[PDB]
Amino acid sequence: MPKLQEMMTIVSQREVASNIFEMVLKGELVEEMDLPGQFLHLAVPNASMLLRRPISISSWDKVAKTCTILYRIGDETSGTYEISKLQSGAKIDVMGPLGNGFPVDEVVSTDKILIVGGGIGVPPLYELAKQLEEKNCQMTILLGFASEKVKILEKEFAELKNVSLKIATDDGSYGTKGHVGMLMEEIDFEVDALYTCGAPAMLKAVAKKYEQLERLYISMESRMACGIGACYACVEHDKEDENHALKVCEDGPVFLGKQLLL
């Protein structure tokens, strides 16, 4: 009970976009998952790389006992690169699930949900749309990527009903040319809750457009070491209590917008 750590089995792994791998993991950590937007602290199969790699949960299947993640790799000296060389059947050392995810309890079919995502911020937003869809609320999902080469999870989002999905690319290679913020300006309704995740400039633009909204949930990143809140590596300044540090791994990864300064 509350396992915290487990040698999970890779069900599969394939490269679903340019340098972005989708890994499906089987183990008993999945029964512990609840809120969308928690993450896993993955150990690299490389004894010289001791710090775990933190990667958002994209979706899970409680009955199948599997969860799904989508991550970008670095160059051949990077540790995520090594993770992609693992193959079906291999075990991988996982801590999780970890963090405070996206709240979905107080959402009901009348309020209108906006979801903004970019880059490798998209994966954790997919499980979010799954669990929100069961509340029969109306969703607008705007995703932005650098290029068509790095577009991920389009078919999975399209298949969800109650979804108006728009996709931008910075170069115009797919969908709307430009950044996700441009599509954000173009929405015409009163949003009741916004969930967002992506590169800091995108989070900065989202938080400034909706500074007035209480139900604005922002998913953050930082450099990590311990992953459970003891080493204080991943701090953010608390906007609500100055001099007080928020910890992205334990207090986060998702915060209300009142708590952050960008």
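The first residue of the sequence shown is number 1, and the count goes up from there.
Undergrad: Averaging only over Cα atoms, indicate whether 88-96 or 186-194 has the higher B-factor in the PDB entry.
TA: Between 186-194 and 88-96, it is 186-194 that shows the higher mean C-alpha B-factor.
Undergrad: For the C-alpha atoms alone, is the average B factor greater in 169-177 or in 101-109, going by the entry?
TA: Averaging CA B-factors over each stretch, the winner is 101-109.
Undergrad: Between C231, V235, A43, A64, which one tops the list for C-alpha B-factor in the PDB entry?
TA: Across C231, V235, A43, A64, the entry lists the biggest C-alpha B-factor for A64.
Undergrad: Divide the modelled residues of the chain into thirds by Cα B-factor and specify which third, lowest, middle or highest, holds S48.
TA: CA B-factor rank for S48: lowest third.
Undergrad: Going by the entry, which third of its chain does the Cα temperature factor of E240 land in?
TA: It belongs to the highest third of the chain when residues are ordered by C-alpha B-factor.
Undergrad: Split the chain's modelled residues into thirds by Cα B-factor; is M220 in the lowest, middle or highest one?
TA: For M220, the deposited C-alpha B-factor lands in the middle third.
Undergrad: Looking at the C-alpha B-factor of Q212, is it in the lowest, middle or highest third of its chain?
TA: Within its chain, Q212 is a highest-third residue by C-alpha B-factor, going by the deposited values.
Undergrad: Considering every modelled residue of the chain and its Cα B-factor in the PDB entry, is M139 in the lowest, middle or highest third?
TA: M139: CA B-factor falls in the highest third of its chain.
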